[PDB]
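K.L.:
structural data only, the sequence is not supplied:
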C-alpha cells in the first residue's frame, strides 16, 4: 500500500542527499585520488 | 581566534512547511476549477430533454520554473567551502524571499505552452535568442485580480468563484482610524476566515512580517474597556498571540517570517502548496577556475481560492 | 570551536553541513547536552 506521493517525496529527499554527498566527496577524496593515480605512473609532472 | 561570527538569519518556515515534489519537465500543469453551481430551483415536469449537459470541464493551469546562479569566484584557511556555504545560505534566503513575492510568470508562451509546431523556430543555428524564465509567485496564484505588469496589484480585490460567492483577495479597510494608520482592522482577518470557510480552504496558518505583529499583540487589549489583561500575583508580562479562532470555529496558528513584504499578509496551508524542483543545487563549473551553483525550481498551488492574501494600505 | 577543531583534524569533513537528512525526519541527528554534576541542587 505504498503511495506514489511517498515515493516522490523519497525520490526528492534522496536526490538532494546524493547531490550533497557528491559535492562533498568529490573535493574530499577524488580531487586527491586523481592526482595520486597520475603520480602512480609519473604522468602528473609535465 | 580560530572562528568567525555570522548572523545567518535562516528562519525559512515556508520552505519546510510546503515540502517538495520532483518533476520531469521545466513546465508543469494541473487542472481544477470548481464544482457546478447550485442553480436553485431544479423542479421538473417528468421529462429531461437536456442540452448535452452543462459540464463546462475544468481549466488547465500551469507554471514556469526559473534559475538561480549565485556564482563563486576565487582569485579562514580554506575559504572555498566557507564562501560556498555562505552562498548556499544566501540562495536559500533569496528563494524564501522570491517565492513569497508578487511576481507573475512572464514568457513568450501564455496559454499555448506546447506550440510543438512553432516552439520558437528561430532558435537553432544561432542559440542566442535566450529569454528569461520567470516563475509564478505566491500572490499571483492566490486568485489575484490583476497585476502591475509583472507584480500583483496591491489595491484591487480578486474575483468571485462560481461555486460559492467568495472573495479570497480583498483590499483591507481599517475602519478604526480615519485612513492614517497602516494596520489590520480588528475584523479584517475574520472576514478572510469567513470567505475561506465559504470557499472551503481549511487553512490554519498565517505568516506575518514582524512589522505587523504589534497589531495582533495589541488586539488582546482595547480602549473601550471590553478587553484587558490580568495578573494575579504573577511575575510575567506575556505580550504575544499565537492562535486565533473565528466565530466559525476555524483555528489559525500564527508564525513570523522576516522575508515577507511589509505591505502584505498571507494565509498559508501545508498541503495546498508544493515546491516543484527540476535541477538540484549542484557545485560545478562552466564549459571547457570558478565554481557555481544552479537550482531550477518552480512554484505549484493546488487551488487559487484556497489560500488567501490581504494587502495593507489606505483606500485612495 | 568544536566543529573547527574537527574539520581541521582533516580537511574533508564539515560537521555543520547537511549530508541529506530532512529536518523533519525523526532520524535527523540533533545536538544534545549531557552533563554530570556534583552539586546540592536540593
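P.N.:
Good, I have the coordinates. Numbering: from 1, shown residues only, chains lettered A, B, ... in the order given.
K.L.:
can you give me the helices for chain A?
P.N.:
Assigned helices in chain A, in chain order: A:4-25, A:31-40 (criterion: DSSP state H).
K.L.:
export those as CSV, with columns for distance to chain C and mean neighbour count.
P.N.:
Heads up, the C-betas are built off the backbone N, CA and C, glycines and all. Below are those laid out as CSV (distance: least, Cβ to the nearest Cβ, whole Å; neighbours: other Cβ atoms under 10 Å in any protein chain shown):
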stretch, distance to chain C, mean neighbour count
helix A:4-25, 2, 15
helix A:31-40, 9, 11
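K.L.:
which ones are touching the residue nearest the centre of chain B?
P.N.:
Centroid-nearest residue in chain B, with Cα atoms, centre = their mean: residue B:138, separated by 2.5 Å. Residue B:138 makes contacts with B:99-102, B:266, B:299, B:307, B:309, as judged by Cβ atoms under 8 Å, 6 or more residues apart in numbering or on different chains.
K.L.:
got CSV for these, with distance to chain C and neighbour count too?
P.N.:
Listed next are the contacts of residue B:138 as CSV, based on distance: Cβ to the nearest Cβ, whole Å; neighbours: other Cβ atoms under 10 Å in any protein chain shown:
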residue, distance to chain C, neighbour count
B:99, 18, 21
B:100, 20, 22
B:101, 24, 17
B:102, 28, 22
B:266, 21, 22
B:299, 20, 25
B:307, 21, 25
B:309, 26, 24
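K.L.:
filter those down to just the ones in helices.
P.N.:
residue B:99.
K.L.:
the helices of chain A: which one's closest to residue B:234?
P.N.:
helix A:4-25 (45.0 Å; Cβ to Cβ).
K.L.:
what angle do the closest one and helix A:31-40 make?
P.N.:
50 degrees (axes from the mean of the first three to the mean of the last three Cα atoms, to 10 degrees).
K.L.:
which one is residue B:271 nearest to, not counting chain neighbours?
P.N.:
residue B:302 (7.0 Å; Cβ to Cβ, 6 or more residues apart in numbering or on different chains).
K.L.:
what of residue B:24?
P.N.:
Of all residues not flanking residue B:24 in the chain, residue B:278 sits nearest, at 7.8 Å (Cβ to Cβ, 6+ apart).
K.L.:
the one you found: what's it in contact with?
P.N.:
Contacts of residue B:278 (Cβ under 8 Å, 6+ apart): B:22-26, B:65, B:296-298.
K.L.:
in three-state terms, label it for me.
P.N.:
Following DSSP: H, G, I helix; E, B strand; the rest coil, the label given to residue B:278 is strand.
K.L.:
so how far is residue B:29 from it?
P.N.:
14 Å (Cβ to Cβ, to the nearest Å).
K.L.:
tell me the contacts of the most centrally placed residue in chain C?
P.N.:
Computing the C-alpha centroid of chain C and ranking residues by Cα atoms, centre = their mean puts residue C:31 first, at 4.4 Å. Counting by Cβ under 8 Å, 6+ apart, residue C:31 makes contact with nothing.
K.L.:
how about 10 Å then?
P.N.:
Shown in contact with residue C:31 (Cβ atoms under 10 Å, 6 or more residues apart in numbering or on different chains): C:2, C:15.
K.L.:
how about residue B:195?
P.N.:
B:158, B:160-161, B:164-170, B:201, B:267, B:305, B:308.
K.L.:
and for residue B:129?
P.N.:
B:108, B:120, B:122-123.
K.L.:
what do you get for residue B:81?
P.N.:
Contacts of residue B:81 (Cβ under 10 Å, 6+ apart): A:24, A:27, C:7, C:11, C:14, C:17.
K.L.:
list the contacts of residue 35.
P.N.:
Just going to use chain A. Contacts of residue A:35 by Cβ under 10 Å, 6+ apart are A:43-44.
K.L.:
chain B was what I was after
P.N.:
So residue B:35 contacts B:161-164 (Cβ under 10 Å, 6+ apart).
K.L.:
try residue B:144
P.N.:
Contacts of residue B:144 by Cβ under 10 Å, 6+ apart are B:102, B:104, B:136-137, B:152-153, B:156-159, B:168-169, B:304, B:309.
K.L.:
kindly recompute the last result at 8 Å.
P.N.:
B:152-153, B:158, B:169, B:304 are the contacts of residue B:144 under Cβ under 8 Å, 6+ apart.
K.L.:
can I assume it sits in a helix?
P.N.:
No: using three-state DSSP, the assignment for residue B:144 is coil, not a helix.
K.L.:
can you name the residue of chain C nearest to chain A?
P.N.:
Residue of chain C nearest chain A, by Cβ to the nearest Cβ: residue C:20 (2.2 Å).
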